[PDB]
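[1] First portion of the complex, with coordinates as positioned in the assembly:
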Amino acid sequence: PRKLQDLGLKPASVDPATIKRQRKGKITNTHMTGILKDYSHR
Amino acid sequence: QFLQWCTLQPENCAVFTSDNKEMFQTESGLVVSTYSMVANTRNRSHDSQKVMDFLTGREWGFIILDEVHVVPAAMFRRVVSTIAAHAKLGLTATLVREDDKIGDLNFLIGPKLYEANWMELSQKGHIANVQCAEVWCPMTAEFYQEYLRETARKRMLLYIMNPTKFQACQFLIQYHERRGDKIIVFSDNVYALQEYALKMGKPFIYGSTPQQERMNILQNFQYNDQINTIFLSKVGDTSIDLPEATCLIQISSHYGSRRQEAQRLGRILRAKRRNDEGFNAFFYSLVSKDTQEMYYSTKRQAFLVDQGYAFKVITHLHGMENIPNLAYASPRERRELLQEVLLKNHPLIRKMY
């Protein structure tokens, strides 16, 4: 790609991969356990 | 609130806490901290020492003293002298104390600037329309008979655990849960909240509960519609984040502490169903008849009727005669509860030991 750009011929490819690229705790409401559903999000 | 409502960069904002002590490097910025950052006389960290030296050595033009009613305390009075600030704004919702030191905030902060009319904000849809109520629970015969020869702390321990308040709270939870109302039930005694929560199978949050439980149960009360009742301690009176509720029940109380009731009411006053027409938030102060509850609660509601709220007295609930589930209906169960309350109160030799 970049030596195509250096030679003036615009490339039709994206630059390849060789180019630089990127606890558990206790509970106290044991009387009704298994009812409280997990809320990891709103 | 600074990061969201105003154009303040996080590099201009800073935190002084136990975990966080790093500050802004700019010539002028902002820091939010706790009262006992500054006014603690205990042996502190060198980092906190350097921080408070920086705070003393920086001339401030403004201080926002939130919840100013605790400023007239003995340590918290000194924060306006240690921190030299030109302008002092005392922001609170409960400007009342049991002692007379609330009058000294004129010397601490300044003259009283603005009083917000509670009824005016209620009628125009800014704060909720609360229905303050006072449920009269008649004291049972055996409980009162044991109550007339008891010492004061055990007097509270007896009259908080009468079965008529049990039935009244059970019925109020049962009725307002059917109304789709989130309910927060306040009871300062740990034994009281635990007993009610084990009686009705409801969640309870007191002081020594784990914080992750106080978040999981909190989000279950917020979002899981199966849970609509949380029994809450004196921890809920102060500033902890809680979901929105439209009904409140007061089982026990910390004497006639005129700050606590408005702190409790401000939780219901933030109700999101405010803009709906016909909405009415509910407040209940469940008191035991012919016991010290009316003395304490009259001291409690003196502040609120000074603000203008009306506590409609309730001496009868429509539903005792036909309630599905009965708590301590039998005399034997009431008597068992009575005796329950009565019975309540060298490198190698190191391996050697």
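    The structure has been received and is ready for your questions. Residues are numbered from 1 along each chain as shown, chains lettered A, B, ... in the order given.
[2] Find the nearest non-adjacent residue to residue B:167, please.
    For residue B:167, ignoring the flanking residues on the chain, the nearest one in space by Cβ to Cβ, 6 or more residues apart in numbering or on different chains is residue B:327 at 5.6 Å. From N, CA and C alone the C-beta is placed, and that goes for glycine too.
[3] pretty sure that neighbour is in contact with residue B:170, am I right?
    Yes: the criterion here is Cβ atoms under 8 Å, and residue B:327 meets it with residue B:170 at 5.1 Å.
[4] Now do the shared contacts for these two.
    Here residue B:327 and residue B:170 share the contacting residues B:199, B:200, scored by Cβ atoms under 8 Å, 6 or more residues apart in numbering or on different chains.
[5] Next up, the contacts around residue A:26.
    Here residue A:26 is in contact with residue B:210 (Cβ under 8 Å, 6+ apart).
[6] Checking my notes, it in a strand, right?
    No: Residue A:26: not assigned to a strand; according to DSSP: H, G, I helix; E, B strand; the rest coil it is coil.
[7] what separates it from residue B:214, distance-wise?
    Here residue A:26 is placed at a distance of 13 Å from residue B:214 (Cβ to Cβ, to the nearest Å).
[8] then stretch A:26-35 to PDB, C-alphas only?
    C-alpha atoms of stretch A:26-35 as PDB (Å, rounded to 0.1, in the frame of the first residue of the first chain):
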ATOM      1  CA  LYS A  26     -21.800 -13.900  52.200                       C
ATOM      2  CA  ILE A  27     -25.600 -13.200  52.200                       C
ATOM      3  CA  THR A  28     -27.900 -12.400  55.100                       C
ATOM      4  CA  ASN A  29     -31.400 -12.900  53.400                       C
ATOM      5  CA  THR A  30     -31.100 -16.700  53.300                       C
ATOM      6  CA  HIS A  31     -34.800 -17.100  54.000                       C
ATOM      7  CA  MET A  32     -35.700 -16.100  50.400                       C
ATOM      8  CA  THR A  33     -32.500 -17.000  48.500                       C
ATOM      9  CA  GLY A  34     -32.800 -17.800  44.800                       C
ATOM     10  CA  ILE A  35     -35.500 -15.100  44.400                       C
END
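[9] next up, chain C:
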Amino acid sequence: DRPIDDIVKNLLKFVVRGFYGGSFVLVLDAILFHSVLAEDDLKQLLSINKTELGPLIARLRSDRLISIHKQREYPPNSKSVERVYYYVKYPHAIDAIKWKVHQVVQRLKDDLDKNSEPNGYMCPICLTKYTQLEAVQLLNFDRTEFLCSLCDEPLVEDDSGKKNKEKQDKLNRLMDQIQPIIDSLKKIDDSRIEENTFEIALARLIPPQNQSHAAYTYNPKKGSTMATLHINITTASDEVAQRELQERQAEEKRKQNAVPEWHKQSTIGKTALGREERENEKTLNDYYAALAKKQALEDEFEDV
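    Following on from the chains above, chain C is added here:
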């Protein structure tokens, strides 16, 4: 499908008929027809041998025409083998063709440049070349001939320079045969090329046969660091039903948001709390008819 896919397929076909033999043509036509192919499927389709596909796969890998995939899957008989998959990367292939044709025309232009140089000299005994510059220092005392240093024999003139017109004819006869490639690359540059891979080239697969030993499902590895529309039609006869539903829902939410009875009423005085026209219309129709006569394998599933 995609016209640009047709353009790159035509470009690959033209270059493989041009600069490649018939078996390379067969391999690339199999790849462009069946988008994803394996070694056993290619052997089944082309009847080619391993020692015969070896030069083919080596040449199309050296010329950067076929992308090879190293994936091993697990057959149910647990005889897992390292199967190879052959697919094509369109932007890499067109860039390879671009670079090859550019270096071809650069090499032949350099040949045309260097053939304009004069003939030079060459000694038939030692068979060593000489340019024009060092022919002068090999000139003898007779000032006529160029004597070799090692052979001591007069040099003869190399036949280079008279083929300059031959190189020009070769250049033109190459370039009139490459103009469709020029037009295809112009059309490609006037458009956009989407960079595909094995997972993307599997979208347009054509099955070679019914029973292929090489599966076409990618197996991921961990730790490798290399909606609906529903309508409701009413015949102008059932609108009362949902308007009744609307009003009963309205009164239901009014009752749910209603003030309770002990709030709106005093609880003091009450007790303390504790523990036939069918024949008519038929005869009418008969009368009107008479009047008209007178007048005239199990796994997880989700529903959708």
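[10] let's see the contacts of residue A:26 again after adding chain C.
    Contacts of residue A:26 (Cβ under 8 Å, 6+ apart): residue B:210.
[11] Let's see that with 10 Å instead.
    B:210, B:212, B:213 (Cβ atoms under 10 Å, 6 or more residues apart in numbering or on different chains).
[12] before we move on, which element is the closest residue to chain B within the stretch 101-250 of chain C in?
    As assessed by Cβ to the nearest Cβ, chain B sits closest to residue C:250 within the stretch 101-250 of chain C, at 12.4 Å. Here residue C:250 is covered by helix C:239-256, with elements defined by DSSP states H and E.
[13] In terms of secondary structure, what does that helix contact?
    Helix C:239-256 sits against no helix or strand, with contacts defined as 3 or more Cβ pairs under 10 Å, 6 or more residues apart in numbering or on different chains; DSSP states H and E.
[14] Now do it: everything it contacts.
    B:178, B:179, B:180, B:276, B:278, C:232, C:234, C:258.
[15] mind checking which helix or strand residue B:329 is in?
    Short version, using DSSP H and E: residue B:329 is in no helix or strand.
[16] For chain C, see how far away it is.
    Using Cβ to the nearest Cβ, to the nearest Å, one gets 4 Å for the distance from residue B:329 to chain C.
[17] burial count for the closest residue to residue C:207 other than its chain neighbours?
    Counting by Cβ to Cβ, 6+ apart, residue C:207 lies nearest to residue C:34, which is 7.5 Å off, once chain neighbours are set aside. If you count neighbours by other Cβ atoms under 10 Å in any protein chain shown, residue C:34 ends up with 19.
[18] quick one: contacts for residue B:337?
    Per Cβ under 10 Å, 6+ apart, neighbours of residue B:337: B:140, B:142, B:143, B:161, B:162, B:163, B:166, B:195, B:199, B:327, B:328.
[19] for residue C:215, same thing?
    C:38, C:71, C:73, C:74, C:75, C:83 are the contacts of residue C:215 under Cβ under 10 Å, 6+ apart.
[20] to the structure above, add chain D:
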Amino acid sequence: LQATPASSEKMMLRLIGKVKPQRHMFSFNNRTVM
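    That brings us to chain D, laid onto the chains above:
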């Protein structure tokens, strides 16, 4: 009409009929196809 989730590696489609329902299996190669 039954489908497999995209997280599952096992790739299957099933059709449930009406009147002993007729059940047919449909294994595909690409996920955008399903």
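[21] Please re-evaluate the contacts of residue A:26 in the presence of chain D.
    Here residue A:26 is in contact with B:210, B:212, B:213 (Cβ under 10 Å, 6+ apart).
[22] rewinding a little: following the helix holding residue C:250, which helix or strand shows up next?
    helix C:261-264.
[23] Pull the residues that contact that next one.
    Outside helix C:261-264, the residues within contact range by Cβ under 10 Å, 6+ apart are B:131, B:133, B:135, B:175, B:280, B:282, B:312, B:314-319, C:258, C:267, C:270.
[24] For the contacts of residue A:26, please prepare JSON lines with the additional fields distance to residue C:201.
    Below are those laid out as JSON lines (distance: Cβ to Cβ, whole Å):
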{"residue": "B:210", "distance to residue C:201": "54"}
{"residue": "B:212", "distance to residue C:201": "48"}
{"residue": "B:213", "distance to residue C:201": "52"}
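[25] Buried among these? Need that as a selection in ChimeraX.
    Restricted to buried positions by 16 or more other Cβ atoms under 10 Å in any protein chain shown, the ChimeraX selection for the contacts of residue A:26 reads:
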select /B:213
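[26] which residue sits closest to residue C:216 in space, ignoring its chain neighbours?
    Closest residue in space to residue C:216, ignoring its immediate chain neighbours: residue D:29 at 4.9 Å, by Cβ to Cβ, 6+ apart.
[27] Which of the contacts of helix C:261-264 fall in helices?
    Residues from the contacts of helix C:261-264 lying in helices, with DSSP state H as the criterion: residue B:175.
[28] Which one (most neighbours) among the contacts of helix C:261-264?
    residue B:135 (26 neighbours).
[29] Identify the residues contacting that one.
    Contact analysis of residue B:135 by Cβ under 10 Å, 6+ apart lists B:164-165, B:168-169, B:171-172, B:249-250, B:284-289, B:312-317, C:262, C:273.
[30] can you check residue B:157 too?
    Listed by Cβ under 10 Å, 6+ apart, the contact set of residue B:157 reads B:150, B:151, B:189, B:191, B:192, B:252, B:341, B:342, B:344, B:345.
[31] Fine by me, thanks again.
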